[PDB]
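Spelled out, the chains give:
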Amino acid sequence: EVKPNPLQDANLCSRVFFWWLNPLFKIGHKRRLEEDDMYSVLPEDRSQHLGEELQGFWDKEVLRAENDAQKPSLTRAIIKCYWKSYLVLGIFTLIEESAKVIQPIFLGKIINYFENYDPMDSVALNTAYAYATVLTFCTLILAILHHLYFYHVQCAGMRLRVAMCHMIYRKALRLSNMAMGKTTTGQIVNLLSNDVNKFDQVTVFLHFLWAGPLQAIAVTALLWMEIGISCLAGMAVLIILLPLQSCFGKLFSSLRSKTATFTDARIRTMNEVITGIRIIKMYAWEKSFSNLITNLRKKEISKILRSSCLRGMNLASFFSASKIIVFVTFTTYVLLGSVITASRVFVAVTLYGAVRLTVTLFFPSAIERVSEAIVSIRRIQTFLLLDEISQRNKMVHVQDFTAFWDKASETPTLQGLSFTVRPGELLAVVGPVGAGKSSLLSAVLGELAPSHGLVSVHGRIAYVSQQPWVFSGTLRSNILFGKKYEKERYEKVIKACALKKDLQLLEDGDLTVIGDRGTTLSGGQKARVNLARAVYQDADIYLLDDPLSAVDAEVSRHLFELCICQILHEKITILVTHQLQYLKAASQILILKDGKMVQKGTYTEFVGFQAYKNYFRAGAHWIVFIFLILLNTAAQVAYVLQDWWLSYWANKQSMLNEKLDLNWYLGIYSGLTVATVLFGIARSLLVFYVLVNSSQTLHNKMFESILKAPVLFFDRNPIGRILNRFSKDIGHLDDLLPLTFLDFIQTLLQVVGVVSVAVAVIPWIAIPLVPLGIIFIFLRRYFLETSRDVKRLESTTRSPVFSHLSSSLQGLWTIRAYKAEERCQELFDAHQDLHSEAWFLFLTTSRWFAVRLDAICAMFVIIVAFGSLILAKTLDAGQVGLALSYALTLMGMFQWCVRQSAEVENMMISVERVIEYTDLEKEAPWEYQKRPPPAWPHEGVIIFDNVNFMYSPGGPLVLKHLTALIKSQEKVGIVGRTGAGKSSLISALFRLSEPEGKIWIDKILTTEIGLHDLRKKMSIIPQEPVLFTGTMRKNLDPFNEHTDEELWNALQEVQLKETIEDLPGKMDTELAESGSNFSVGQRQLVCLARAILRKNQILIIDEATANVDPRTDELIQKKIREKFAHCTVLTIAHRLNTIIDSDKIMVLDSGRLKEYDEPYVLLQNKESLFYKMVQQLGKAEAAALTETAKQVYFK
Ligand SMILES: CC[C@@]1(O)C(=O)OCc2c1cc1n(c2=O)Cc2cc3c(CN(C)C)c(O)ccc3nc2-1
């Protein structure tokens, strides 16, 4: 075994404590870990073994189902597989529940000793030590041996999950093409990504389905023997809490899906902002999108906050549920007239303290997780019952072949086809079009079957689809594609593929790892690899579907004239290519149409504290948190004082020889119950409000930072990187972190409850508390330095599994062509177990930590129990019963406290990323001092003086010293080399980066006005037109300052009015995604309509009409020159004929003004680049251009 696994040989008292895992933490404390530091899985965890074993039952089970004439049952099959195993772990669950319930009874007798106390009876004292001893071992069961057990219940989960990933993939290769036609990859990948993943989460709780109810019965029976019928009072109320928890579960799922619509509506609208940002800014339409995102968020926040109230009240039930069921029990019990006594109260408090989790949380969860598992199985069953291809599947013969992609009602995909070919001969095929162009090959592969006629083949087939496909590994590994390596074969074919030079020049040699999803190769080179793979296999049958042979290249000739015509030509081969002239070398040509063989037409026939501060300060004044800190303690102190008051009552009562004032004691006691639920519920609402209001603020402080971010921000940051923060992180700050934080705080108080009660009742506990503390601090620090990293490795090692299935599910034909399932199965198993190696660490890592938290927690109970008995002269029965009833309660809650601590610390990083967006360097203000006068653009005069511009500070100067005059209403065409200068002068004109030099517009220096004062007052028509998901009215005027008449005129200025007024909303029609119902030219016509609405005296055309039919461009040209006669127009355009009649042209290259004059005068200088560019037209049209330019003198 490559990575020997210590679990093979660790002794019991190693693996009980996971002591064997110690070396991992040592190294993980010294280093960052890597995939070689993780252990290999034990033999039985191998995907192949589990799958082959489970098939060994599911196979039998479908045999039964056919023989019994019923639909089969996968749930029975896994059960029949795991029954003989999984029952054994039930035995520990049984003894575990016993320990949970037995502890109270002996907590009775150890308290009972104090009720009978005399300092001088050693015999009674020794009995108490025996009870205290068994109380320790009972704790030791729950606190130590529980952890090995829980790991094995987790292993039932992981073992079951892995086996399904095997059987699914095994099915996926056997899957019939029809079933693949009835399927999408996303279904199988999701099934593997999620729906099998549920099998861990059922198995942790499946034993609670019986052990929980059996627990509840036992607790009621015991209590009845302690407190009579009165135990029915609490237990019935406890059981009523079970539906009530479900009632909350129902509601927020409703409101969660109700909020889903708005995060989707927000995130789509946000994605338009982030991707569209540049053109958004030029229009000055921030305020439009600012209103949308604000209103959706303010809508979203209202429902998520209204859900947050119910989510808060839910935890308040978990806070009061012990206190309510205690109160009603003893109140009834007292009203049936019993005195209250320390022994009989704390037993019930402890029995309730034990059962409460089982009925209120584990069992409610379990019935849900079982329900999600059983639905997961039934779809997996559905998948495993899809149809399959017939798995059995020197010469090739075909005869009258009549076949379909599916037996739909249309005519067969192949019809009447017959041929035979023998080795040493090449067929070629003019195949179908609009359909399976290589359908003939697909028949030879047996992807299709005859309704009539026959195909017969012998030997082994090589195939390539015209679609390329590349396997996970190196390119050499793809050239091997699992076959043995053979240097001379490999050399000869790889050289005959001319691949070495390209592979050396472009892909670093054959050792190059093929990257994620095949990223590494160019598609042109990727295509050739398929043939290189094919030829390396030296198969009997070589089937070629157009390998971009249609692409003219020396290799696409060389492969044929040397390799395919001479080397490969000995083998059986069939070729489809557009290279019809290659088929002059073909031995035979088949031409096909409508599946018919139409002719044998042979060719000759032709995180630091500051994060917390920032997050909380964003919620409220610190004065509010002071009010909040009061409520926390008030809830917690009300909680403890209730149980202390119950002790105090018992202590007074047992002192009497005479009546108690029932309505004093029960009065105050009832008060603390009402108080503890009321502060508890109030606290639980307040925390959410403070934190959720904090999330709302961070979004709005952050969202404004995004609109006012300069374009430079969106150059450096990918769209996904930004948009993820608006989906994921602010998702968490609404969905889950306020919840997780309140649950952390709630539990932390309760731990502070037990510890502080314990030191109060027994002061000298305060000494050993500090050792336990410092032990915990070093433990947490030592642990999390590793666990943080294992979770990284686990999350990483997941991604090859889905990638491999996706790649393999894309390659199905090819895999079965090489009948290579026997290996590709092994590749999946290699990936699956390597993830399982990480999952095995993830399970056992947490236990090695969790067992110590329960170790030091187990040590605490010892301290209180024997500490109480040591101080027996001083303590008194009520106070001990308080201390011990709390001490037992620590066991469960303390582990949960630190789990949420780790999860909050991890999740809190989402807040750091959000705040890092709250302070991005802004542009200058939109509105600024020295506002331009009320009609400032009144001439369209522009000066550029020594203008210098860059896409980054200190970057390359893409404008150098650019200096120009543009006169009023002048029409300035601009052109240059492709990619030279480009829009940079436009982005300078919008100040999207601040230019050096000066730009003056209508006597105003552009660098001394607000960016909306500028950008509102100049139109642009962009390189790519943009529509926004919204009304046609908003896409034309979000401010609705233009009349519908003007909006109709604009749509009537273009052709499109009578294509929009017939849409049901008319101007108010909101569009499909990206306006798919409109053509690209029509989207530019929308920008022209926008421009026609704006009627600014300045317009910029950015090369737009290259997307558009010239006849629509002709309309654009017409309407520009008609409508913008008074306007000043700048026009970057590639084809000079669009601009040949400009009053002047600027030509830019290398960032310099190569030319600026009347275009004919530029042509009149035969040295000019403009003349040269017109001469580079290479055509007599240069004369028509020249004449048209000269006419500008005279027309
Ligand atoms: C749901 C997770 C889990 O089942 C688990 O994976 O392992 C076992 C375990 C769990 C949860 C909780 N606990 C556990 O031991 C203890 C616990 C206490 C909780 C408390 C405090 N209790 C004293 C009521 C809460 O307020 C809210 C949620 C709580 N959840 C849990």
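Residues numbered from 1 in each chain as written, not as in the entry; some residues may be left out. Heavy atoms only, no water.

Novice: For the overall build of the protein chain, give the residues involved together with the corresponding values.
Specialist: When you go through the protein chain residue by residue, the secondary structure sums to 38 helices and 18 strands. Overall, the protein chain is about 130 × 90 × 60 Å in size when its C-alpha atoms are taken along their principal axes. Taken across its 1195 residues, the protein chain has 52% of its residues classed as buried. Taking the 128 positively charged and 117 negatively charged side chains of the protein chain as two groups, their mean positions are separated by 1 Å. (Helix = DSSP H or I, 4+ residues; strand = E, 2+ residues; numbered from the N terminus. Buried < 20%, exposed > 50% of the residue type's maximum accessible area, 1.4 Å probe, protein only. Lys, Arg positive; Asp, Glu negative; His and termini not counted. Charge placed at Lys NZ, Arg CZ, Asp CG, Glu CD.)

Novice: Which residues make up the nonpolar core, and what values go with them?
Specialist: In this structure, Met164, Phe330, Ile706 and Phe944 are the most contacted members of the largest nonpolar core, which totals 321 residues. Apart from the residues lying within four places of it in its own chain, the contact partners of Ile706 are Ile274, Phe713, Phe714, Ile722, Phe726, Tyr917 and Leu920. (Core = buried A, V, L, I, M, F, W, Y, C linked by side-chain atoms within 4.5 Å. Contact = heavy atoms within 4.5 Å.)

Novice: Go over helix 11 (residues 286-335) with me, naming the residues and quoting the values.
Specialist: The end-to-end C-alpha separation of helix 11 is 69 Å, in line with the 74 Å expected for 50 residues at 1.5 Å each. Where helix 11 bends most, the angle comes to about 50°, and this point is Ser320. Immediately downstream of helix 11, the backbone of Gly337 shows phi near 95°, a positive value. (Expected span 1.5 Å × (residues − 1). Bend = angle between axes of the 7 residues up to and from the residue.)

Novice: Which residues make up the UniProt feature "binding site: ATP 1" in the protein chain, and what are the values?
Specialist: Mapped onto this numbering, the UniProt entry gives "binding site: ATP 1" at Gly431, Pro432, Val433, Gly434, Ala435, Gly436, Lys437 and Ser438. Topologically, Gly434 is positioned in the loop between strand 3 (426-430) and helix 13 (439-444). Accessibility expressed as a relative area gives 82% for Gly434, which makes it exposed. Beyond its immediate sequence surroundings of up to four residues, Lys437 is in contact with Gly431 and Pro432. (UniProt positions renumbered as here; feature names shortened; annotations may be inferred.)

Novice: Summarise empty space enclosed by the protein; cite the residues concerned and give the values.
Specialist: In this model, the largest cavity occupies a volume close to 110 Å³. At the level of elements, helix 10 (230-283), helix 11 and helix 32 (1032-1036) are the ones that each hand at least two residues to the lining of the largest cavity. Counting residues per element, the lining of the largest cavity draws most heavily on helix 11, at 3 residues. Tallied by class, the residues present in the lining of the largest cavity amount to 5 nonpolar, 6 polar and 2 charged. The calculated volume of the second largest cavity comes to roughly 90 Å³. In this structure, the second largest cavity is lined by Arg161, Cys165, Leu192, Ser193, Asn197, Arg798, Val801, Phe802, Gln832 and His835. Listed by contribution, the elements that provide at least two residues to the lining of the second largest cavity are helix 5 (122-174), helix 7 (185-195), helix 25 (766-810) and helix 27 (821-870). Top element by residues in the lining of the second largest cavity is helix 25. It accounts for 3 residues. Taken together, the residues of the lining of the second largest cavity break down into 4 nonpolar, 4 polar and 2 charged. (1 Å grid on protein atoms, 1.4 Å probe; cavity = no way out; pocket = protein on both sides within 12 Å on 5 of 7 lines; lining within 4 Å. Points joined across faces, edges and corners; volume = space filled by probe spheres on them. Nonpolar A, V, L, I, M, F, W, Y, C, P; charged D, E, K, R; others polar.)

Novice: Outline the state of the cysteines, listing residues and values.
Specialist: Applying the stated criterion across every chain yields a total of 0 disulfides. Counting only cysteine sulfurs, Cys155 is the nearest neighbor of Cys81, a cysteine outside any disulfide, at a range of 14 Å. Left without a disulfide partner, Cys309 is nearest to the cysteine sulfur of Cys247, which lies 15 Å away. (Disulfide = S-S within 2.5 Å.)

Novice: Summarise the packing of aromatic side chains; cite the residues concerned and give the values.
Specialist: The way to describe two aromatic rings as a pair is by their centre distance and the angle between their planes. One pass over the full model with this rule turns up 55 aromatic pairs. Ring centres of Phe25 and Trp848 lie 4.2 Å apart, and the angle between their planes is 40°; on these two criteria the pair is classed as tilted. On the basis of relative accessibility, which here comes to 1%, the residue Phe25 falls in the buried class. Arranged with centres 4.5 Å apart and planes meeting at 55°, the rings of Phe560 and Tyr582 form a pair that is tilted. Taken together, the positions of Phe560 in helix 18 (residues 554-567) and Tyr582 in the loop between strand 7 (572-575) and strand 8 (588-593) put the pair 22 residues apart, joining distant regions of the chain. What makes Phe560 buried here is its relative accessible area of 7%. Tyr582 sits in the buried class, given a relative accessible area of 15%. Members of the aromatic cluster, each reached through a chain of ring pairs, are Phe327, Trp644, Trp645, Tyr648, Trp649, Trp664, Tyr665 and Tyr669. A cation over an aromatic ring shows up here: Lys791 above the ring of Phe842, its NZ or CZ 5.6 Å from the ring centre. Sitting over the ring of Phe471, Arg823 keeps its end group 5.2 Å from the ring centre. (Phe/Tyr/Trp six-rings, centres within 6.5 Å; stacked < 30°, edge-to-face > 60°. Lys NZ or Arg CZ within 6 Å of the ring centre and 35° of its normal.)

Novice: Give me the sheet that holds strand 14 (residues 1004-1005): which residues, what numbers.
Specialist: One open sheet accounts for 4 strands, arranged 11-10-13-14; its pairing is antiparallel. A single partner strand is all that each edge strand has here, and the edge strands are strand 11 (959-966) and strand 14. Across 5 bridges, the pairing between strand 10 (residues 942-949) and strand 13 (residues 996-1001) is antiparallel. Counted as the bridge partner of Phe944 is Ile999 from strand 13. (Pairing = 2+ DSSP bridges.)

Novice: Quick one: what's the story with the environment of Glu372, residue by residue and with numbers?
Specialist: Secondary-structure assignment places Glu372 in helix 12 (residues 342-384). Given a relative accessible area of 37%, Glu372 falls into the partly exposed group. Each C-alpha atom of the pair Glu372 and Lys198 lies 7.1 Å from the other, and the pair is 174 residues apart in sequence.

Novice: Can you break down a nonpolar patch on the surface residue by residue, with the values?
Specialist: Among the surface-exposed residues, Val770, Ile774, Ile775, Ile777 and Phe778 lie close enough to one another that they form a single nonpolar patch of about 480 Å² accessible area. Topologically, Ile774 is positioned in helix 25. (Patch = residues over 30% accessible without salt bridge, like charges linked within 9 Å, V, L, I, M, F, W, Y side chains within 5 Å. Areas by Shrake-Rupley, 256 points an atom, 1.4 Å probe, with all protein chains shown as cover. Salt bridge = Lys/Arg side-chain N within 4 Å of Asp/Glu carboxyl O.)

Novice: Outline the pattern of salt bridges, supporting the account with residue identities and numerical values.
Specialist: Taken as a whole and judged by the stated rule, the model has 42 salt bridges. A salt bridge links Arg899 to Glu903; its shortest N-O distance comes to 2.8 Å. On the criterion of helical spacing, the pair formed by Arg899 and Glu903 is a turn pair, its members being 4 residues apart in helix 28 (residues 877-907). The closest approach of N and O atoms between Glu923 and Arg1015, which form a salt bridge, is 3.1 Å. Note that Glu923 is positioned in the loop between helix 29 (909-918) and strand 10 and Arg1015 in helix 31 (residues 1011-1015), a separation of 92 residues in sequence.

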